[PDB]
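To keep things clear, I will list the structure first and then write my remarks on it.
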Amino acid sequence: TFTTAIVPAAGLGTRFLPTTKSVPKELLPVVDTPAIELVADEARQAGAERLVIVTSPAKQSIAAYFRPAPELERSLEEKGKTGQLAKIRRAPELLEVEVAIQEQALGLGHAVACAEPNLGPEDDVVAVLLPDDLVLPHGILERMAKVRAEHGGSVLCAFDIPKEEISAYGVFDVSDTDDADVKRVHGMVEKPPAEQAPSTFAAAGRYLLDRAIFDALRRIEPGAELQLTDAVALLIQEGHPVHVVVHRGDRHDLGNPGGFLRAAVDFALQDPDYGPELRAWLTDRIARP
Amino acid sequence: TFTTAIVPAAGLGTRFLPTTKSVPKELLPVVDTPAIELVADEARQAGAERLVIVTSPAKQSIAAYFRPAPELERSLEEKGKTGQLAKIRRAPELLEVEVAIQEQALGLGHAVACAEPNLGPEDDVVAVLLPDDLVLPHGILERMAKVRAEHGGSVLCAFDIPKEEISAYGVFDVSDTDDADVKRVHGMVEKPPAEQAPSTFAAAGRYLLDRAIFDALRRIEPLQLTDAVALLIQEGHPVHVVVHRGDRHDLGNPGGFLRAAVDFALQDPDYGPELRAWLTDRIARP
Ligand SMILES: O=c1ccn([C@@H]2O[C@H](COP(=O)(O)OP(=O)(O)O[C@H]3O[C@H](CO)[C@@H](O)[C@H](O)[C@H]3O)[C@@H](O)[C@H]2O)c(=O)[nH]1
Ligand SMILES: [Mg+2]
């Protein structure tokens, strides 16, 4: 049912300095393809027709990536680079792309709130994809849509992480449903020590939010910032159904250079253009300092 | 010695499409640091005072990378990110940076030619660094400068590559000098089969070019830099090569780029041990 997916992209990417002084984090390549394209594609495959990218005035450049490049397409076609030509055609052809300008990076809730002018009356629910999380294979938003179909309200996403490894995450307080991968959300605890974690279900950056989230974001106490978790807790307090889908597949974390490199190596090893030679090189390389 | 280094950065990097549709190839990070900073640092360490980046109009944002970012700096200082603050201050403090515009990508020789208006009377010799080649450790240009001081003329750089591995490269035709790592260049053969390779010396992307190169570039038939060098040798200009014995990386395609990033990350304690452990498991399965 959702048609509009929101991608919050207004943070600098401090962890990727000095590169992110000049390059938007969301345009950095995983092998050859930027994360913004990877999340755009995932959104489209889940039925999004429209993408609202929230960013700063300085990173408006992310928009151009979704514009055609006619001269480049011609030059590739003339060199017989049909595979490269298909690669560059992919992102502009995925969906309709708009930008919402968040003047100052006041956090995720504020970013989602800044997308509301880009919504129309048909947007009763919106998908939100954080571009630092890659959730593999495609399809978590379709699982979350089934939960919305059944229960109404809003739907979150979790990874299943042992309590001794979960303390970097927000962690859901949950109850069971009839589906082992679907829980009712009662609340969330930020970065609990292992022995205080309410579950093994760590908050992942995929959301299906009912339009009620925007009214909730206007009614929560602003910070020093609008905390999306506070708006979700307000909905829960007011009886809005909130459930979570537990992702069982793989995932990558592009929020720091180390997790980014893991993603790129994992993908390159599966690509015949690179994999065999990379694997042979790695085998030798890891045996020395 | 030379004071001006030229970095030809006007080609797209078609092996990194679709990313390089929007992002200059030379700003792609090796772990966390763009290649253009790595080659600027190398140039500075060899005594460059000035960097002339040849780029297209869509890639002029390479320039802004070398400008101070006061508000970002102020913000990092207020957050006590001393290390990230140092990292952002590094590139702007290395040297004076100018941009020359190559309207179209007519090749390397043409990229070099387009830097000539940025040169002055002191520029008798210019360094050229190709930003897809990392030559490690720093110092090849200083070795090349010693050769220029002894012999005059121009100086090239070679990797010592076995004949059965050398066919992807241009391969110098050479004669000995009194230094094992310095050869006189008689010519170059493009991509020879192993049995036709005139040496084990493959051309690397580092150059110390006498100002005579510009006149050669004006007189070669349409431009390959190697043709302008060949014209110089024909006209009696001394050309030598220094053989690099050390390490190198190739950022020309994603595979070589990942080798560089993994190599550097394994040596950095922020990433190294966990990445090593992850790689150990990962390479044991498809
Ligand atoms: O019109 C152009 C074309 C290329 N370049 C730049 O020139 C550099 C080198 O171009 P590339 O296509 O990567 O050259 P190669 O095919 O790798 O070959 C060159 O670089 C090798 C070292 O890497 C040498 O062995 C070769 O003799 C030399 O021609 C790159 O940064 C390009 O951006 C420009 O600035 N403008
Ligand atoms: Mg090259």
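We name chains A, B, ... by the order of the sequence lines, and we start the count at 1 in each one. Only heavy atoms go into these numbers, but all of them, side chains included; no hydrogens, no water, no symmetry mates.
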Please look at B/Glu37 and chain A and tell me whether the side chain, the backbone, both or neither of the residue comes under 4.5 angstrom of a heavy atom of that chain.
side chain

Are there more than 12 heavy atoms of other residues, nucleotides or ligands under 6.0 Å from atom CD of A/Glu71?
no

Where on B/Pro92 is there a heavy atom nearer than 4.5 Å to chain A: the side chain, the backbone, both, or neither?
side chain

Side-chain contact, heavy-atom cut-off 4.5 Å: B/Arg282 with A/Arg262?
no

Need one label for B/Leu76: side chain, backbone, both or neither, based on atoms under 4.5 Å from any heavy atom in chain A.
side chain

Shortest non-hydrogen separation from A/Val31 to B/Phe16 and the atoms involved:
O-CD2, 4.2 Å

Step-by-step side chain to side chain contact (heavy atoms under 4.5 Å, CB included) determination, A/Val265 to B/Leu279:
CA-CA 9 Å; A/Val265 170; B/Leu279 291 170; 3.9 Å; yes

Tell me whether the count of non-hydrogen atoms from other residues, nucleotides or ligands lying under 6.0 Å of CD in B/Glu221 goes above 12.
no

Tell me, side chain or backbone of B/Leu266 under 4.5 Å from chain A's heavy atoms, or both, or neither?
both

Might you confirm whether atom CD of A/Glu165 has over 12 heavy atoms from other residues, nucleotides or ligands at distances under 6.0 Å?
yes

With respect to chain B, which residue among A/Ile36, A/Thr283, A/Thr33, A/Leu278 yields the maximal number of heavy-atom pairs within a distance under 4.5 Å?
A/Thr33

Side chain to side chain contact (heavy atoms under 4.5 Å, CB included) assessment of B/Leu28 paired with A/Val23:
CA-CA 8 Å; B/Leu28 297 179; A/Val23 182; 5.9 Å; no

Counting only heavy atoms not in B/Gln104, do more than 12 fall under 6.0 Å of its CD?
no

Specify which of A/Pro29, A/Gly258, A/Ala91 makes the most heavy-atom pairs with chain B at under 4.5 Å.
A/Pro29

Is chain A contacted by the side chain of B/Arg67, its backbone, both, or neither, given a heavy-atom distance below 4.5 Å?
backbone

If one checks every heavy atom of B/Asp263 against chain A at 4.5 Å, the contacting part turns out to be both

Using non-hydrogen atoms and a 4.5 Å limit, figure out which bit of B/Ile62 sits close to chain A: side chain, backbone, both or neither.
neither

Given heavy-atom pairs under 4.5 angstrom as the criterion, report whether the side chain, backbone, both or neither of A/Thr20 touches chain B.
neither

Please round to the nearest 0.5 Å and tell me the distance separating atom CG of B/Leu258 and atom CG of A/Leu261.
7.0 Å

Whether A/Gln84 side chain and B/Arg15 backbone form a donor-acceptor pair below 3.5 Å
no

Note: B/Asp32 and A/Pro18 closest approach over all heavy atoms is O-CD, 3.2 Å

Would you say CD of B/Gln224 has more than 12 non-hydrogen atoms from neighbouring residues, nucleotides or ligands within 6.0 angstrom?
no

Counting neighbours of CZ on B/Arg74 that are heavy atoms of other residues, nucleotides or ligands and sit closer than 6.0 Å, is the number greater than 12?
no

A/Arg279 side chain to B/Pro286 main-chain N or O, any donor-acceptor pair under 3.5 Å?
yes

For atom NZ of B/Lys81, is the number of surrounding heavy atoms from other residues, nucleotides or ligands below 6.0 Å larger than 12?
no

Take atom CD in B/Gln45; do more than 12 heavy atoms of anything else shown fall under 6.0 Å from it?
yes

Which of the residues B/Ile283, B/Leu72, B/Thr19 is involved in the greatest number of heavy-atom pairs with chain A at under 4.5 angstrom?
B/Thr19

By a 4.5 Å heavy-atom criterion (distance strictly below it), what part of B/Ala64 contacts chain A: side chain, backbone, both, or neither?
backbone

Any side-chain to backbone donor/acceptor pair from B/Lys21 onto A/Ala69? Under 3.5 Å, distance only.
no

